[PDB]
Each structure stands twice: as C-alpha cells, then as structure tokens.
Amino acid sequence: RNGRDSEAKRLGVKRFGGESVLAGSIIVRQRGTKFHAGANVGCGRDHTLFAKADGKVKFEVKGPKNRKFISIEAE
Amino acid sequence: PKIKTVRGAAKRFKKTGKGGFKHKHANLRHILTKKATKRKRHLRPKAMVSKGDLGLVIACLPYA
Amino acid sequence: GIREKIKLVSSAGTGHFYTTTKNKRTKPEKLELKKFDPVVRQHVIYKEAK
Amino acid sequence: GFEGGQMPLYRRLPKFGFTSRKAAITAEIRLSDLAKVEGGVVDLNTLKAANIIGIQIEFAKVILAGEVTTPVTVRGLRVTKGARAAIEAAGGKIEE
RNA sequence: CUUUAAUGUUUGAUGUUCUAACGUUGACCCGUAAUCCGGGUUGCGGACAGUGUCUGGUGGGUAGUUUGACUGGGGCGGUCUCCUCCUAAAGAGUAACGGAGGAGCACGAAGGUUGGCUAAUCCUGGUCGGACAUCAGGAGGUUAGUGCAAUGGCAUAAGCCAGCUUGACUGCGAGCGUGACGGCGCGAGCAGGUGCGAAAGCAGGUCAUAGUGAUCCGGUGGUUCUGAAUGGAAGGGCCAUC
RNA sequence: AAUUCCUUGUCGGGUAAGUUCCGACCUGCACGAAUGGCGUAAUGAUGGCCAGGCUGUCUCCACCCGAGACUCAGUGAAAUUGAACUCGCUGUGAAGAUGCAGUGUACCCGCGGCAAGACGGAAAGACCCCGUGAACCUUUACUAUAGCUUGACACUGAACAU
RNA sequence: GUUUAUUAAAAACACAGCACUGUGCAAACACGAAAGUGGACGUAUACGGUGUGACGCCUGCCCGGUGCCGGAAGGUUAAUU
RNA sequence: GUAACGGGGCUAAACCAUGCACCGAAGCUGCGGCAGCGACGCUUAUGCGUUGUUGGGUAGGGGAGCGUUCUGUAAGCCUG
RNA sequence: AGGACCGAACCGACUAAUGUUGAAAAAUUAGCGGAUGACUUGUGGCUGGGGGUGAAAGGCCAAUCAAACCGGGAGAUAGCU
RNA sequence: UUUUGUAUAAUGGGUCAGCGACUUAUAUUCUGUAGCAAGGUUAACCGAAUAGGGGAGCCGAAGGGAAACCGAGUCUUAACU
RNA sequence: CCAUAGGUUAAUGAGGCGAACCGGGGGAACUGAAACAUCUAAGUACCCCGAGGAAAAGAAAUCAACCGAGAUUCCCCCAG
Ligand SMILES: [Mg+2]
Ligand SMILES: [Mg+2]
Ligand SMILES: [Mg+2]
Ligand SMILES: [Mg+2]
Ligand SMILES: [Mg+2]
Ligand SMILES: [Mg+2]
Ligand SMILES: [Mg+2]
Ligand SMILES: [Mg+2]
Ligand SMILES: [Mg+2]
Ligand SMILES: [Mg+2]
Ligand SMILES: [Mg+2]
Ligand SMILES: [Mg+2]
Ligand SMILES: [Mg+2]
Ligand SMILES: [Mg+2]
Ligand SMILES: [Mg+2]
Ligand SMILES: [Mg+2]
Ligand SMILES: [Mg+2]
Ligand SMILES: [Mg+2]
Ligand SMILES: [Mg+2]
Ligand SMILES: [Mg+2]
Ligand SMILES: [Mg+2]
Ligand SMILES: [Mg+2]
Ligand SMILES: [Mg+2]
Ligand SMILES: [Mg+2]
Ligand SMILES: [Mg+2]
Ligand SMILES: [Mg+2]
Ligand SMILES: [Mg+2]
Ligand SMILES: [Mg+2]
Ligand SMILES: [Mg+2]
Ligand SMILES: [Mg+2]
Ligand SMILES: [Mg+2]
Ligand SMILES: [Mg+2]
Ligand SMILES: [Mg+2]
Ligand SMILES: [Mg+2]
Ligand SMILES: [Mg+2]
Ligand SMILES: [Mg+2]
Ligand SMILES: [Mg+2]
Ligand SMILES: [Mg+2]
Ligand SMILES: [Mg+2]
Ligand SMILES: [Mg+2]
Ligand SMILES: [Mg+2]
Ligand SMILES: [Mg+2]
Ligand SMILES: [Mg+2]
Ligand SMILES: [Mg+2]
Ligand SMILES: [Mg+2]
Ligand SMILES: [Mg+2]
Ligand SMILES: [Mg+2]
Ligand SMILES: [Mg+2]
Ligand SMILES: [Mg+2]
Ligand SMILES: [Mg+2]
Ligand SMILES: [Mg+2]
Ligand SMILES: [Mg+2]
Ligand SMILES: [Mg+2]
Ligand SMILES: [Mg+2]
Ligand SMILES: [Mg+2]
Ligand SMILES: [Mg+2]
Ligand SMILES: [Mg+2]
C-alpha cells in the first residue's frame with residue numbers, strides 16, 4: 001500500500017548570487033513564491049523567477065515581512 | 001549486395017545541408033484538443049535529430 | 001470524463017473552428033463566444049456546442 | 001534501429017510529406033555550365049548534349065552559382081533574378 | 001395524363017402431373033465360357049437426388065500458435081503510468097515487495113479584467129436558541145479559506161463579493177530549464193486583432209505542482225500544394241480536429 | 001471406508017503389550033446408486049491381519065563341503081588420469097584443505113585386507129529456476145481448417161391449376 | 001483370460017450380462033481427394049458407437065446449465081438481387 | 001588434538017608513559033640501461049654534451065614488429 | 001462335458017538370490033503361473049508414421065517411440081554454454 | 001575458464017604429434033595513402049585485350065520547402081523586431 | 001436391319017537410361033519478424049510431366065507523351 005512516488009521536479013535555484021544571466025534565464029524553480037520577483041525579474045505562471053534583463057543575480061531580503069526577493073543588477 | 005534503406009526511416013527524416021536530419025515532431029497526430037495552442041505551435045515546425053540518435057538514423061538511411 | 005468535446009465554429013464562413021469541452025447535462029445551451037478567426041483576421045462570434 | 005524494444009525513433013516519429021514526380025524532371029543549372037554548350041544558345045536540349053542535365057529533364061532553371069563571362073541566350077528556361085542579372089551583365093538575351 | 005378490368009405475354013412462390021436430362025449397389029441381352037466395365041432393352045425413381053462455384057452455421061475431428069514482467073528462489077498474492085511528502089546525508093538527483101496519501105478530473109465560470117471586502121475560534125449580552133443557526137460588540141490575528149491529496153505558497157492576497165466581458169486569442173519567440181532520446185516545461189518581447197480599466201497597465205486559461213497515450217492505420221472539415229498522356233477527378237500532401 | 005483432515009476418533013475383541021487387523025458406533029473434513037450402490041458362493045503368483053506347524057530369519061553364531069579370493073606358471077583387460085616428492089591436528093581460506101599458516105608425527109619399498117576421505121568414478125542434475133527454447137496433450141484461449149450442414153446459381157426440362 | 005518386450009501383472013484392460021443411442025440397406029459407420037473396399041455376400045433376435053461390467057436385491061430427487069431430440073407464429077441473419 | 005599470543009617460551013619478552021637507536025617494501029635515493037610523452041641551443045630530412053616527466057593493468061581502443069607457406073624480383077644467388 | 005482339476009513338453013514371468021566393465025545391452029539358479037484353449041507354434045501374407053496396430057500399458061511398429069528410420073531443406077535457429 | 005571473488009573440494013584437459021575458429025563477396029561510411037582536381041571517375045561492352053576506346057551513368061560544385069515553387073537564400077506567417 | 005462397339009493380322013512409331021541447364025504441373029517448414037497469426041523464408045527445397053541442343057520467349061490489341069520509339073532474349077545503369 002506504500003510503494004508509489006512522483007518523479008522529482010528538479011526545482012530550486014538555478015542561478016546563484018552574482019551570477020551573470022542573460023534575459024530569459026530561469027533563476028528559481030519553486031512551488032509558490034518562496035522567493036518573490038524584484039527588479040527585472042518576472043514571476044511565471046508556475047511561480048518560477050526568470051530574468052527580464054541581462055545582468056547579475058542579486059538576492060535580497062526586503063519589506064515588512066522580510067520576504068526574499070531576487071533582482072538583476074545590470075553589470 | 002546493396003544495403004537496403006530502412007523504408008520507414010526514409011519517410012520520417014530528410015537530410016539537411018550540413019549532413020543533419022530534419023524530422024516532424026511527435027504528439028500532433030490526434031488528441032489535439034487538450035493540448036495548449038502554444039505546445040501545438042512549437043510542434044508544427046520540423047526539428048533536427050539530436051546527437052544521440054544520428055547514429056541510428058544514419059545506419060537506417062545509408063543512401064540519404 | 002462526463003464533459004464532452006465540442007467544436008466552436010466561426011460565423012465568418014471561413015471553416016475555422018476552435019475546440020473545447022462542455023458538460024452537457026449542466027449548462028445545456030449553446031456556447032457562444034467571440035474569438036479570433038485567422039482567415040479574415042478579426043474577432044468573430046463562434047457558435048456550436050453539440 | 002533496434003533500441004532494445006523501446007519504440008525506435010524511425011517509428012516513434014511521424015511520417016511527413018509526399019514525393020513530387022516533377023522534382024525528378026527538374027534540374028538546376030549553374031552559370032559555369034552556360035559556357036559548356038556549343039553555339040552560345042542555352043536551350044533545354046543543348047544542355048542535354050553537354051551533359052549538364054539529365055536526358056529526362058523537362059524543366060531547367062539557371063541559378064546564381066558560379067559566374068558567366070560570355071554573351072549567352074537562354075530559351076524556354078527559367079532564370080533566377082540574381083542569375084537573370086549575371087546573364088544580362090555579359091551580353092545576355094533571355095527569351096521566354 | 002389521373003384511374004382500372006384482361007390475355008398472347010415476361011419472369012415470383014406453392015401444389016399436382018409428366019419425361020426427355022440425371023440417377024439406379026432392380027431384371028434381362030450382348031460384348032464375353034467375365035457378380036469389373038461399357039452398351040442395349042426394360043422397369044423404378046425423376047428435375048428430386050447428387051456434384052461444382054459461391055455462401056451462412058457448426059467444427060480440438062485436425063493444424064499453427066499464444067498464455068507478460070518485477071519478485072530476498074519460483075508460485076499464490078501484490079505491483080506496473082502520473083502527482084505530493086518523507087527516506088534523501090541544507091544545490092539538483094538518488095534505491096528497496098521502504099514509510100504515508102492522492103490522480104485518470106472539474107470549470108464559459110470556479111477563466112480575464114476593473115472595483116470592493118478580509119477569516120477560524122472563543123468571550124460578553126441578547127425571541128423560539130439547545131453546548132453549536134441569525135444579530136451586536138469585544139478579544140483574536142489567519143490558529144481560516146484554496147473545486148479535489150499532500151507540499152510549498154497566498155493579505156499588494158493566489159482567499160470572499162460584485163460589474164463588464166471571452167486573452168481558455170492567432171501567428172511568432174530573445175533566451176533559460178529539465179530530460180539518453182522521444183519529449184516535457186518556463187518565457188519577456190514582436191505582429192495582428194480583442195476585453196477590462198479614466199490611466200498606468202493586466203490578460204496567450206484556472207495559486208502552482210497530477211487529470212494522461214508515441215507511431216501506424218483510418219475518419220471529418222478546410223486548403224484548386226500535387227494530380228502517372230492531357231483537362232479534371234480519385235487518392236496523396238499540408239493546416240485544423242476525431 | 002482403496003474415500004475420514006482432525007485421527008493412533010470412541011468402545012470392544014484378539015496380544016504381557018496392537019498407529020495395523022476384526023467388529024460395532026456416526027461426529028460421512030470430503031460415500032451414495034450403471035463414470036453404478038449394497039451384498040455375494042467360487043476363483044486370485046492380488047492388498048491387509050491372525051494362528052497352527054516349521055525353521056540359522058533371529059538370540060548368536062559355530063563347523064563342514066565345494067567355486068572364487070591367496071601362491072606359481074601362461075595369456076592378459078577396464079573405467080579414470082592437469083602435474084605430484086599425494087601425513088595428522090588446529091586454524092585460515094570461493095566459507096568442510098595431502099598441498100596455505102602454525103604445530104605434531106613420520107626411515108625407503110611392497111603384499112594381503114577394510115572402505116573413512118580424496119566434496120572418489122560414472123551421466124554438460126532428471127528436482128528448482130531461467131530462455132520472449134521444444135514437443136506432445138486438454139479446452140466454452142486465439143486464428144484457421146478437413147468434415148458435417150444451410151441456402152443461391154449451374155448441371156435442370158415440360159405442362160396443368162390456383 | 002489381458003497388460004507397461006527391458007524396475008509396475010495389479011484393485012488396471014478385457015470379459016459374459018445390462019442399458020442407452022445410432023442405423024431400413026447404396027444402412028449407419030470406417031479406410032479412401034475419388035473409384036471403390038470393408039461393414040456383410042449380413043438386414044433391426046442384425047450391425048456400429050457409448051457406458052456399465054457375472055449373479056442377487058436394486059438403481060432414488062433434479063432438464064436451470066451444456067449437449068441431444070423435437071417444435072415452430074415472431075425477432076435477428078449470409079451469398080444473391 | 002594442545003587449539004581463544006602463530007609457536008617456543010615470557011612476570012616481561014605484558015601494560016601505561018617518556019625518549020634515543022636499529023630492522024623493515026618492488027616506496028625514496030644511489031649506479032648503470034631501455035622506451036614513451038613533452039620542451040629546449042646549436043642546427044636543420046635532425047640526432048644529441050643535453051632537460052623535464054612518465055612507463056602495474058582485465059574488458060577494451062591505438063601504435064609498431066616477429067616468423068610461417070605461396071607470387072614476383074629469380075634462367076639470378078646458395079647447394080652432392 | 002468343461003475358457004474344469006493336478007502335472008511334463010510347450011507358452012509365460014510372481015518372489016528371491018546371483019550377476020550389474022555380466023556367460024548375457026534383461027539372463028542364470030532355485031522356486032512360480034497357464035497348460036483343449038480368449039491356447040500355443042511354423043511357413044507365407046496384409047496394415048506405414050500424425051500413420052499403423054493396440055483385451056488400452058502411450059504399449060509395440062527391426063536392442064530406437066508423447067510421432068520410427070534413412071536421406072534431404074540444412075551451415076535450421078541458439079539474446080545460451 | 002567463469003567470476004564480486006577460485007590452491008580451491010567450481011569448469012576443461014591422461015600424454016604427444018597433426019589438424020582445429022573473425023573469412024569471402026558485394027554495398028556503405030570513416031581514416032590513412034596515392035592520382036587528378038571544380039571537377040573526379042567510368043560500367044557493361046568494343047577491342048588495336050592489364051593498352052586504348054566507351055562518360056551510358058554515379059558522386060560533387062546549392063540549398064530551402066510537404067509540395068508547386070523560389071533560389072544564396074528559402075521556409076514559416078497576413079507580415080516579421 | 002443398317003451400323004457401331006468388339007475381334008484378328010500387317011506396317012510405322014514409342015517404351016527405358018542419363019549430370020546440369022530449360023519449360024510446365026504441384027508445393028513445404030525451420031527460420032526472420034528479436035513472441036506470433038498477416039507478412040517472411042519462397043514459388044525456395046522437394047515430388048511429378050515433357051523437351052532440346054539449348055529450352056522458353058518472340059514480330060506490338062507494346063511503350064510513350066502530343067516529340068517519338070519500333071518483336072524477343074542477355075549485360076550495365078536507371079535505383080535500393
Ligand atoms: Mg492530421
Ligand atoms: Mg548523360
Ligand atoms: Mg491444439
Ligand atoms: Mg513456427
Ligand atoms: Mg518472471
Ligand atoms: Mg535535495
Ligand atoms: Mg547534499
Ligand atoms: Mg497583443
Ligand atoms: Mg490548483
Ligand atoms: Mg484532402
Ligand atoms: Mg491516366
Ligand atoms: Mg490526368
Ligand atoms: Mg505378534
Ligand atoms: Mg505385526
Ligand atoms: Mg464415486
Ligand atoms: Mg483375499
Ligand atoms: Mg599370474
Ligand atoms: Mg587403456
Ligand atoms: Mg603446515
Ligand atoms: Mg594395497
Ligand atoms: Mg563424483
Ligand atoms: Mg546442466
Ligand atoms: Mg520428436
Ligand atoms: Mg488369472
Ligand atoms: Mg516391465
Ligand atoms: Mg514384473
Ligand atoms: Mg468399469
Ligand atoms: Mg464395478
Ligand atoms: Mg434446434
Ligand atoms: Mg579438548
Ligand atoms: Mg614507546
Ligand atoms: Mg629493499
Ligand atoms: Mg619506484
Ligand atoms: Mg638511469
Ligand atoms: Mg604498461
Ligand atoms: Mg609505476
Ligand atoms: Mg484348465
Ligand atoms: Mg489351474
Ligand atoms: Mg522350444
Ligand atoms: Mg536356463
Ligand atoms: Mg525359472
Ligand atoms: Mg496345471
Ligand atoms: Mg499414463
Ligand atoms: Mg524395439
Ligand atoms: Mg534429395
Ligand atoms: Mg548447426
Ligand atoms: Mg534454410
Ligand atoms: Mg559461478
Ligand atoms: Mg558465485
Ligand atoms: Mg587465493
Ligand atoms: Mg585436491
Ligand atoms: Mg560440480
Ligand atoms: Mg580443478
Ligand atoms: Mg576432467
Ligand atoms: Mg511460418
Ligand atoms: Mg520468430
Ligand atoms: Mg506468407
């Protein structure tokens with residue numbers, strides 16, 4: 001009664017801090033907004049964060065909830 | 001004697017200019033209505049055979 | 001499952017149709033929606049629900 | 001093509017297209033070939049005499065491959081734009 | 001030309017009768033000093049029977065074969081695809097007949113957009129009122145809610161309400177991701193046309209992650225691409241869908 | 001019970017002692033009426049049990065007569081066999097050692113005997129599994145099919161009546 | 001009486017008897033693409049098949065299933081047209 | 001069959017600490033030698049006074065060779 | 001009279017021992033069964049391989065049988081050793 | 001030899017000698033090497049026969065497109081940043 | 001009754017053997033498809049009839065494509 005499992009989704013961070021990404025580059029695969037989208041980051045339908053601009057991945061904590069945000073700083 | 005082309009492969013692939021092979025995509029024959037428009041559109045153009053499979057195709061298509 | 005496949009048919013005489021699904025036991029009326037027809041290239045009323 | 005019993009690629013993928021019987025009786029001609037005929041004229045039939053095109057080719061087309069350095073008359077053939085200009089730039093007389 | 005009686009008359013069924021086909025493993029004659037054969041005469045049946053071609057049924061009488069894999073041996077049982085958590089050793093991935101639960105959908109609104117709202121639970125008091133309906137305040141602060149498992153998310157709400165609507169658009173797609181491959185997924189932006197909104201803008205389906213099936217063979221509609229002399233057509237291709 | 005799992009069922013007989021046997025009981029796991037049921041004289045190289053007689057079957061062997069075995073002469077095989085200067089023990093180790101380790105014992109070579117070991121010889125295990133092996137066999141497995149059967153047409157015609 | 005020649009002789013096979021069923025003769029049935037041949041130079045007190053298996057007392061209920069026999073208004077139904 | 005230090009035997013030849021010496025391998029070094037892969041000055045179809053490093057190996061891949069019979073070279077060369 | 005009785009030839013083969021590179025690819029020794037019958041035996045003949053024949057054991061069909069032997073397809077195929 | 005692993009009490013071999021297993025043909029591709037080179041090369045056949053002739057053909061110098069068709073561009077789309 | 005079957009004789013010819021090739025009449029399965037039935041193997045093997053030095057085939061009721069070719073057979077291409 002206990003022999004089933006789902007194929008693993010390969011979620012998580014694909015581009016880490018300071019990593020130079022081109023526009024379109026997926027940054028995080030996630031279930032929900034564990035990370036939220038910041039400057040030049042789009043949040044897709046599956047809530048994956050992707051880059052809208054070429055530049056450098058920047059993780060940051062912001063706001064009154066101390067939520068985790070990702071932005072691209074143009075180098 | 002002459003190698004016999006695998007006739008079924010001759011009907012699914014065509015040799016490109018730099019020796020590659022173009023093929024029609026799978027999953028667009030039927031059951032089209034549950035599939036997103038976007039998925040169907042990317043399946044409409046011919047893709048190229050990947051590296052792992054060019055050996056199989058070339059083996060099957062010697063006179064290509 | 002229960003829900004059945006239908007074709008939404010363009011009133012522009014093009015022959016273009018969309019495809020979708022409908023529950024027939026509930027909402028037994030004809031699904032009429034404005035949709036883009038790519039032969040005349042305008043939004044157009046589509047009509048059918050089987 | 002046997003992949004261990006997995007549905008192999010040649011059958012996993014769909015068939016496409018048809019074969020046109022016209023393509024087999026249709027040949028491209030390079031500008032380099034227009035000098036290989038005897039007499040300056042380039043008809044479908046004098047191209048066969050020069051072994052440029054097959055004996056069963058009914059339709060012939062001159063394309064912009066190579067160069068023509070000669071006044072050449074092309075008759076009953078088709079000519080690309082780029083090819084039409086290279087012929088005309090050398091004393092060319094294309095005749096439909 | 002509407003209608004409607006008849007027969008030479010065409011073929012339909014049934015019934016009766018016939019004989020000339022056909023049969024005869026009845027008698028008799030000859031070939032022939034032959035229980036075969038044939039012919040002959042005769043009787044008996046007789047358009048039957050019987051055989052051929054076609055056809056439905058029956059048909060282990062006979063034939064060719066199939067009758068799965070995983071598996072702390074095999075078999076019985078259970079399992080086989082997909083989703084969630086744990087195992088999983090703080091990137092991903094990671095096995096067992098390891099531990100635990102779900103899916104094989106639903107929705108023309110439960111989708112898009114504009115505008116608006118914010119729970120559970122307990123406390124106090126109050127008509128029928130119970131320990132719990134509805135009302136008011138208070139404390140509470142999401143301990144709720146999410147069309148359905150679990151996880152991660154969710155107040156700028158993704159949760160509740162209403163108005164207008166069809167972006168559940170078509171063609172494309174920088175670039176990424178994930179896969180041995182097949183493939184799957186994310187995607188700004190462009191063109192065209194639309195909806196919402198005063199506007200910025202948002203909208204290429206639904207909070208997301210399951211809700212599925214390659215190719216072949218066909219079917220349907222579209223498309224004068226092809227069309228075996230030629231014009232067509234058939235069929236094929238291409239597009240959409242089954 | 002040629003059928004009974006439980007089961008050496010219960011009781012009784014027979015024996016000093018009887019899982020068998022006989023008889024009866026019924027609680028027939030799971031008899032039963034021509035795939036016969038119940039009996040049944042006779043018959044049986046049939047199965048089971050009892051007794052008399054008999055005996056080396058046995059207690060428990062002993063002796064004897066002969067054919068071999070042993071010795072001489074003559075003839076003269078065989079299976080097997082990687083090579084062998086081929087010991088015990090304890091341990092180790094593809095996990096049960098003549099061959100490794102340690103130790104102990106042992107002068108070299110025969111002959112007659114015995115069979116504990118050489119996982120001895122013999123047969124590419126016959127059980128068990130596997131192979132998308134095989135063969136026969138079964139059937140309301142699949143697909144066919146001889147045969148049987150149905151009808152249409154042909155061989156096959158004439159009339160009469162409705 | 002028979003049997004596994006060469007590990008089984010038996011409770012197995014057979015058996016007389018019994019029954020069921022088929023068979024009207026160019027018999028059923030069987031060997032045979034066929035002709036023919038057996039059955040049988042027999043003819044239902046016969047022949048073939050099946051089962052039981054001397055003899056004795058007997059052989060009970062069940063025809064829903066499967067077959068077999070029969071019946072036939074209706075429905076379904078092939079080639080053909 | 002001692003058979004629970006491998007044995008002999010050991011009261012250290014045991015154990016703990018504190019040290020200095022030795023033994024100990026196909027490891028390292030030393031001498032001589034072969035080969036592979038590089039990189040180097042003269043100079044060159046390069047090979048070296050040179051230099052550096054490598055060189056266990058199944059499946060398996062790569063490279064270079066030995067020998068055998070026959071054909072040509074060969075009516076030649078060796079050989080009673 | 002008798003598929004009657006005892007018992008030799010004859011036909012068979014229940015037990016035991018021997019032998020198991022045997023004297024023998026199934027026998028020998030002692031015993032055992034049938035022994036006027038459904039007996040046994042000689043000569044010749046017929047039946048042929050999915051076929052025969054079978055008082056039925058899948059028994060036998062030239063020391064070979066759940067499909068004989070010989071030749072051929074044929075170097076079947078062998079994801080195995 | 002086979003294996004995770006064999007002195008293994010796992011397999012094979014009594015010994016010697018002799019024989020005994022990646023071939024051949026045709027296609028195709030890659031490498032090396034040679035020839036010619038935007039051209040290369042001929043097949044059958046003829047025969048002045050390993051010559052020479054034979055260029056029928058094959059490959060290559062252009063691709064894109066399902067195809068018509070277009071062509072250094074083409075396809076896609078009404079049209080492409 | 002005619003006749004016909006049937007009878008006797010004469011003359012002519014055949015009969016059987018043989019390697020392959022040839023034409024015709026019948027016709028497998030293993031195998032391959034990684035199972036198997038369509039399909040494959042293959043009109044192969046095999047059986048049978050008949051012929052000849054070769055046999056068969058053969059002088060368009062053929063192709064072609066609006067230009068034309070001009071019986072059959074065999075070879076190389078077309079083309080896997
Ligand atoms: Mg389609
Ligand atoms: Mg030519
Ligand atoms: Mg069968
Ligand atoms: Mg078969
Ligand atoms: Mg299995
Ligand atoms: Mg992880
Ligand atoms: Mg980790
Ligand atoms: Mg737009
Ligand atoms: Mg959801
Ligand atoms: Mg069409
Ligand atoms: Mg036509
Ligand atoms: Mg036409
Ligand atoms: Mg006693
Ligand atoms: Mg006793
Ligand atoms: Mg019974
Ligand atoms: Mg008795
Ligand atoms: Mg002697
Ligand atoms: Mg010997
Ligand atoms: Mg020792
Ligand atoms: Mg001795
Ligand atoms: Mg042994
Ligand atoms: Mg074995
Ligand atoms: Mg056999
Ligand atoms: Mg008897
Ligand atoms: Mg026996
Ligand atoms: Mg016996
Ligand atoms: Mg009986
Ligand atoms: Mg009885
Ligand atoms: Mg009936
Ligand atoms: Mg002791
Ligand atoms: Mg010390
Ligand atoms: Mg040393
Ligand atoms: Mg060293
Ligand atoms: Mg040195
Ligand atoms: Mg080495
Ligand atoms: Mg080393
Ligand atoms: Mg007697
Ligand atoms: Mg007697
Ligand atoms: Mg005698
Ligand atoms: Mg004797
Ligand atoms: Mg005797
Ligand atoms: Mg007697
Ligand atoms: Mg049996
Ligand atoms: Mg025999
Ligand atoms: Mg032969
Ligand atoms: Mg073989
Ligand atoms: Mg063969
Ligand atoms: Mg092993
Ligand atoms: Mg092992
Ligand atoms: Mg070892
Ligand atoms: Mg040994
Ligand atoms: Mg062994
Ligand atoms: Mg050994
Ligand atoms: Mg051996
Ligand atoms: Mg077959
Ligand atoms: Mg097969
Ligand atoms: Mg076939």
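Order of the sequence lines fixes the chain letters, A, B, ..., with proteins taken first and strands second; residue numbering starts at 1 for each chain.
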*Asks:* Can a side-chain donor-acceptor contact be found between A:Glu60 and A:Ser71 if the only test is distance below 3.5 angstrom?
*Replies:* yes
*Asks:* Filter on side-chain hydrogen bond (donor to acceptor under 3.5 Å, both in side chains), then keep only pairs touching residues 20-49 of chain A, sequence neighbours left out; what's left?
*Replies:* none
*Asks:* Once each nucleotide of nucleotides 74-81 of chain J is scored for protein heavy atoms under 4.0 Å, what B/S/- sequence comes out, 5' to 3'?
*Replies:* ----B---
*Asks:* If you take the centroid of each ring, where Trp contributes its six-membered ring, are A:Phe59 and A:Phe69 closer together than 6.0 Å?
*Replies:* no
*Asks:* A cation-pi test, strictly: NZ or CZ of D:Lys22 under 6.0 Å from the centre of the six-membered ring of D:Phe59 and no more than 45 degrees from its axis. Yes or no?
*Replies:* yes
*Asks:* How would RNA chain F look in dot-bracket form, 5' to 3', counting Watson-Crick and G-U wobble pairs with both distances under 3.5 Å and writing | for bases paired to another strand?
*Replies:* ........(((((.......)))))..........||||............................................(..[[[[[......).]]]]]....................................|||||.|||.|||||.|||||.
*Asks:* Is a donor-acceptor pair below 3.5 Å formed from side chain B:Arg41 to base E:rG173, judging by atom type as modelled?
*Replies:* yes
*Asks:* Determine, for nucleotides 69-89 of chain E in 5'-to-3' order, which nucleotides have protein heavy atoms under 4.0 Å from the base (write B), from only the sugar-phosphate (write S), or from neither (write -).
*Replies:* --------------BBBB---
*Asks:* Looking only at side-chain atoms of A:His36, point me to the closest of E:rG108, E:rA158, E:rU206.
*Replies:* E:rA158
*Asks:* If you check groove atoms on the paired bases, which groove lies under 5.0 Å from the side chain of B:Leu32?
*Replies:* major
*Asks:* Has the side chain of C:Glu32 got a donor or acceptor that lies under 3.5 Å from a partner of the other kind on the base of E:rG108?
*Replies:* no
*Asks:* So, D:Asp43 and D:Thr46: side-chain donor and acceptor under 3.5 Å apart, yes or no?
*Replies:* no
*Asks:* Could you check whether the side chain of A:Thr48 and the base of E:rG177 have a donor-acceptor pair of N or O atoms closer than 3.5 Å, going by distance alone?
*Replies:* no
*Asks:* Between residues 63-75 of chain A and RNA chain E, which residues have a heavy-atom gap below 4.0 Å?
*Replies:* A:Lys65, A:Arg67
*Asks:* Classify every nucleotide of nucleotides 216-234 of chain E by which part a protein heavy atom approaches to under 4.0 Å, writing B for the base, S for the sugar-phosphate alone and - for neither, in 5'-to-3' order.
*Replies:* SS--------SSB------
*Asks:* Round to a whole Å and report the spacing from NZ of C:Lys35 to P of E:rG171.
*Replies:* 13 Å
*Asks:* When all nucleic acid strands are considered with a 4.0 Å heavy-atom cut-off, which category describes A:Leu22: base, sugar-phosphate, or nothing?
*Replies:* sugar-phosphate
